[PDB]
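The data below hold one chain only, encoded as structure tokens and taken in the form deposited in one PDB entry.
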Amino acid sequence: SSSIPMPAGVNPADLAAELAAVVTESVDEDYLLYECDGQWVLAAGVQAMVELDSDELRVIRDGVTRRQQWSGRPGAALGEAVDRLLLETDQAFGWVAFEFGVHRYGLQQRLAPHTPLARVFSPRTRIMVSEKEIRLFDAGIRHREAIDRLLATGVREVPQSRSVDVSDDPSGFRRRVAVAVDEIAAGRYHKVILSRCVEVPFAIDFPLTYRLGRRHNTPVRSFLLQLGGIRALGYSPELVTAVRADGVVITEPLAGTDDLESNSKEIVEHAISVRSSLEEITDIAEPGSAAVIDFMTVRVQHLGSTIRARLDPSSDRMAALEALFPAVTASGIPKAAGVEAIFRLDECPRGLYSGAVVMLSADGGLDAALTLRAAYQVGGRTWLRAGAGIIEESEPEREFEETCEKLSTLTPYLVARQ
């Protein structure tokens, strides 16, 4: 059957993460698990893959890689290829780099060749885990048998975590901050977010770390993946974009930090962001469809606003994502200038950090979550990355401390490789 009853006492995050580890290894496949609105979707197995790089677009199907050059907007390029996958299957999953959002500002020339912009795939099988049920899509006996074996076994106990020191500043985050402050004071831009990488000196178990962290984090969206040599996990603090089948587009910028409601620094910054999103959404919206619906409402508690619109017929979901990308929250104000500065003052390319993780539907749906509070493994390297907004009054030591706080979303929950 399509449906299985959820076992009592079992958290959905825990079960989906267990499925992700056990079932995929069994059948030799890559995966992405995405948490959206009480559903944990495990997209298992790469049926077809879209790789969009700075200098090339690749579609790999059935063992055949078909390479194309592309020009113009990255979203249009990505959209066309993804649309093709979605004729064949219902949903597509992936990640989008920070670097995806640089073309709109004409910064693409800065990118080295073979710089990844996006990886989007359609799954061989889907498993959806929620509180009530497990739903199976395109699951063969092999997958089905595996889910069945796990379900019987139950979830593994999470081992004790292993600590890491975040006090070093090898990349000189503090000095880099100062430089930003000077540029701000000189009126180059209002804001930039700068970040630092922290290497983790041991290998971690990604699914087990994801479970431990999820227990102590309540995020807007979350993810765990093994894709194309990359392991990653994260607790996304913001939604970049949600586009519905009906054409309604949403973005929800959050303020961060009683005194949230009254504090001036936040309010000015949140308002400026709200203005930015509204302006961006407007370019892709039916005239007169754009509104801010829940302004500066308190929603951990956060300040946030909901910006909504109707996707114009001339435009599409990728265009909406490009209009809103990268998020102000991890870039700067004004955006073009903040992004420019990031090439200069931060370690580039960013890749997954400050990019998005995406779920797309054949119905026209898009869900894109901002990648922050995440861990990465590529090659032999395991790392964490956190950053801070920098404005004219910012202090390098305080900003360093801020990074440490953000790192603490993950630093206590690292489970070493098994």
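Residue positions are given as counts along the sequence shown, with the first one as 1. Definition used throughout: the rigid core is the maximal C-alpha set that superposes within 1.5 Å between two forms.
For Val300, the record comparison shows coordinates absent in at least a third of the other entries of this protein that model its neighbours. According to the entry, the stretch of the deposited sequence that connects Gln108 to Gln109 contains no residue lacking coordinates, so the chain runs unbroken between them. Counting the unmodelled positions of the deposited sequence between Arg299 and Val300 gives a gap of 4 to 9 residues. Taking the PDB entry as given, 260-268 carries the higher mean Cα B factor of the two stretches 260-268 and 238-246.
Looking at 184-192 and 84-92 together, the entry lists the larger mean B-factor for 184-192, computed on C-alpha atoms. Take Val64, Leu33, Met49, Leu384 and read off each C-alpha B-factor from the entry; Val64 has the highest.
Residues shown: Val129, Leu151, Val200, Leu324. Highest C-alpha temperature factor in the entry: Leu151. Among the modelled residues of its chain, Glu392 has a C-alpha B-factor that falls in the highest third according to the deposited record. Per-chain ranking of the deposited C-alpha B factor places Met6 in the highest third. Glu99: CA B factor in the lowest third of modelled residues in this chain (values from the PDB entry). Per-chain ranking of the deposited C-alpha B factor places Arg211 in the lowest third. When the modelled residues of the chain are ordered by C-alpha B-factor, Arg231 sits in the lowest third.
Keep in mind that the form deposited in another entry is missing from the display, and what follows is about it.
Of the candidates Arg344, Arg175, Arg142, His114, the Cα that moves 2 angstroms or more after core superposition between this form and the one not shown belongs to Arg142 alone. Once the rigid core is used as the reference frame, the Cα position of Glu397 differs between this form and the one not shown by less than 2 Å. Shown in the overlay between this form and the one not shown, fitted on the rigid core, is a CA shift at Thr89 smaller than 2 Å.
After superposing the rigid core, the Cα of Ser163 is displaced by less than 2 Å between this form and the one not shown.
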